Structure formats: structure tokens, C-alpha cells
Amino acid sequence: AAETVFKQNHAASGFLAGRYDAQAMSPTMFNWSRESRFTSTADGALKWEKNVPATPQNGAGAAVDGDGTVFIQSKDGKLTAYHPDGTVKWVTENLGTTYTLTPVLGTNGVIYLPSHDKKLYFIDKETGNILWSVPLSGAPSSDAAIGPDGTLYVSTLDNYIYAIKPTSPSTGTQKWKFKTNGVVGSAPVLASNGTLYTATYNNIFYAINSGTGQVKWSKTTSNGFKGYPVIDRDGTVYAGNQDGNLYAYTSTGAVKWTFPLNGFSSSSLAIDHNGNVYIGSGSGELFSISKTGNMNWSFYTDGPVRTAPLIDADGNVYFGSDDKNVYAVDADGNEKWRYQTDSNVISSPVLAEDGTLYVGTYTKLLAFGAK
């Protein structure tokens, strides 16, 4: 257990509060504001590095529990639990290859990991033993988002949104399922009013009632949305589109505004307690954009920014780029430090209680400790 509990929301965000491990330091990559409640004095000095070969979907990465244990999947079928000092705590194998997702930490020590084996794994966080699995009709294309009652929402590659009850195979596991029109590119996120949001590469944006699985409203665009959106207190969805614009939709489906990214959207989003939203672009920039759609600042890198940015309690923003640099910037967009590595930084950063920053590439998991 950690000092303070994990919250999905600050005053300016509007995600649906789900049954996540409130005692963990970072129990989920997305479906939360991505503004850490922790500060960090990390100055860019590498604490350690491990070889974690991965191809994470939409910037998936590690999770950290209350004890500081770092859980991360590798594309060799392994789910590894690391102690804070880099030594292995346990390892479970034969869990799925090709693609990597985030091991989401639910209540009662359960890790929820969807597997390319077309299974949803219930894994004990303490030992790494598989409690049971739920079969999926297709390969999963998203992390597991957890509802208030523990329902798990994932998208599958055969064009479905699945609502799975967090129960043993002794009962029916399907709360509902929704056949989507096209390949899901925007993974399910959930808003305070109970709406689930997703989108497909047939250019359809869905607002789905997460209680019944019925479509509230939908919109088509000229191009497809990609990544995990963020939601503000008013229920407005901010989502990056491959046509080069960040869209903002109100909860009723009205277009609040758009902002041009000078390139295809390349990362999922973050929202701070002042209502600013952050997104990376294929143009190489990491944008900070106000709630009214005005650009606060733009940090330039030499490659597409695919890591979903992370904000700490002091307003510093951490991310990585396809120029193979890990970046830390202050709340005004000025560089604090950088770190050159051998592979593209694509696995979104995570912050531990003591300010240790974990971030990953295609080959390595990195750890930047305190100063």
C-alpha cells in the first residue's frame, strides 16, 4: 500500500471512476487523467535498464503497485514483475506474443491482461499465478478499462467491444457485446455519465451506453481516430485523428473545436487539473492545448511522439519520441533534460511514489531515479 490513494480524476477531468487498485501508485496506463499525484526530482540519470522486447498497442506499458513492483509484458510471452531495484520478483510465461498491453491492476490483487492468444487473463499480482481466463472471439486491441462494478471493457481485432464481468468461468461473463463497423482504432474509455467512447478506421466515432451496450450517438469523419482519448469534467471528449487535427466533442456530440497538429496524431492524451490537454504528433511535436482550443506551447522533437505524455504534481511533462530520446519539460514547455537511447521511445511513462520514472522502448525498459 502507498501513502495516498490513486484517483482517476482531478477537478478538471471526467472519467468514470472504476474499480482500480486504489492502493497502487499507477494501476492503469489510460482511462485516467495521466497527471500523477506524485512529484519527481528525476534529472535524467539512468537508475537501471532491463531488456523488455515489446510492441505495445497505442503506447501501452508498465503498471506499479503499492509496494513499487513494476509489472510489464514482453512480446516473448512473458509477464515480468520487477522489484524497484530491478531484480525480478516473479515471471509468468506463455501469455501471448506479437503485441503487448498494459497489466491493469484491479481490486483484490488481480491483474487484468488481455492476450494475443484471444484470452483475458485474471492473474494474481502477488505470485504471478493465473487464476483463470475468459475466451475472446478475437485478439484484443486495447487495455482493460474497469467499470465501477469491475466490468472489463476491451476491443478485439474482429471488430467488437466486449463488456466482461470480473467473475470465474462458472457463470456467464458477457455483460454485453457490440459489433463495430470497422477496425477499432480508438480504445474504450469511459466518462462520468456512463458513456463508453470508441472509434474505428471506417471513420465512425461511437458514444455507447456502457450499461446496455447501445449506441447513444455516432459521427463519421474524413479519417479515423487513434489512441485513448481524455475526458474533462463537462464530459467533453478530446481525441486525436489521423487527418492531423485534435477534435473535441461535447457529451451530446457537438463539435466544441478542433486544433491542427501539423501531422497525424501519434499518441494518446493527458489532461491536467487546469483543463489543458496534451498530445503527441507525427510532425514531431508534443502539444499543450487549452480547454478553449488555444495552443499553450509546442515542444519540438525530431520524430513522431508516440508515448502518451505524463504530468507530475508540479506540472512537468514527460514523454519520448521516435528520435530515441526521453524528454522532460517544465509546465511552460522548456526542456528540463533529455536522454538518448538505442530504440524509439513508445511505451508511455509511469511515475512511482518516490519520483522514479519508468519509460520503455521496443527493446528496453528504463528507470530514471530521483536526484
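In this text, residue numbers run from 1 along the sequence as written.
Residue range whose averaged C-alpha B-factor is higher in the record, 43-51 or 58-66: Taking the mean C-alpha B-factor of 58-66 and of 43-51, the larger value falls to 43-51.
Per the entry, higher mean C-alpha B factor between 309-317 and 336-344: Averaged over C-alpha atoms, the B-factors run higher in 336-344.
Candidate set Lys291, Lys226, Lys177, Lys119 [ranked by C-alpha B-factor, highest]: Among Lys291, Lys226, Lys177, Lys119, the highest C-alpha B-factor in the entry belongs to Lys119.
Maximum C-alpha temperature factor, selected from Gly282, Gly253, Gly235, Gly109: The record points to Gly109.
Third of chain Cα B-factors occupied by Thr171: It falls in the top third of the chain.
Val91 - which third its CA temperature factor falls in, relative to the rest of the chain: Ranked within chain, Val91 CA B lands in the highest tercile.
Modelled-residue ranking by C-alpha temperature factor, third containing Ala81: For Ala81, whose C-alpha B-factor we compare with every modelled residue in the chain, the answer is the highest third.
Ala352 by Cα B-factor - lowest, middle or highest third of the modelled chain: Within its chain, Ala352 is a highest-third residue by C-alpha B-factor, going by the deposited values.
Cα B factor band for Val104 (lowest, middle or highest third within the chain): It belongs to the highest third of the chain when residues are ordered by C-alpha B-factor.
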